[PDB]
């Protein structure tokens, strides 16, 4: 039921330790967002009580996201993926999060060199069924983020994400789209939204170069008009890679700055997105 505008906290914190959480919440207040997305690079280390109290005091909602580490890629090590996800689901639920989303079906860097196979998808479906039931037991939902061909060869489009949701058969898994990935993957950016429309509950609003929304190659008018047209009432989450911790950035093929500074990205990008949301009547 995540609604309104939010921010992926990577711009201030990929390490969700005590000072990092305080720093991200502080930013969230400064930009008057409705929610934050909390990356969980190391779920066991998260202080759930601190974060809960922070979200409650500051009347902020949250969800969490991750991508599977290689020791636990679901396509090939599903039992370890289930174990990794159960820990992340519990931490998410305990800190007050409403969903765990992201690359929860695999990891950044998976690539076999040939098309995804039924054996791989079978393993993913088994992992997501296990994890969805655990999520349900803690009262949260799972999100599946479609990412571009280079990061993962399994779920790149909204239509692929929907197929996996159908193969799993749960009711608490939604699609999570990201405009930067859709800019590469969708045959017309609106088609990712169209194909996912029955399951789309969250979208990363990111520019085509991970810099400043409004200043790249994404078709924002098409994106926003199509979200309004399908009655999108889910989470509008700004994602930019500015000020990413270096080794995490290098993991995402950031070889060079995506933008001048946080003042360019947040000062120009959030108003652009909020303005478009008002323009097309998502508010």
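Numbering follows the first chain given and starts at 1.
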Worksheet item: Which of the two stretches, 69-77 or 195-203, shows the higher mean Cα temperature factor in the record?
Response: 69-77
Item to complete: Pick between 150-158 and 120-128: the one whose mean CA B-factor in the entry is higher.
Response: 120-128
Response to the item:
From the entry's CA B-factor values, the highest among 143, 213, 169, 190 is 169
Practice prompt. Quick one: which of 111, 176, 136, 181 shows the highest Cα temperature factor in the PDB entry?
Written response: 136
Worksheet item: In terms of the CA temperature factor given in the entry, to which third of its chain does residue 64 belong: lowest, middle or highest?
Response: lowest
Worksheet entry | Chain third (lowest, middle, highest) by recorded CA B-factor, residue given as residue 235 | middle
Worksheet entry | Chain third (lowest, middle, highest) by recorded CA B-factor, residue given as residue 46 | middle
Worksheet entry | Relative C-alpha B-factor of residue 52, binned into the chain's lowest, middle or highest third | lowest
Worksheet item: Within this chain, which third does the Cα B-factor at residue 10 fall in: lowest, middle or highest?
Response: middle
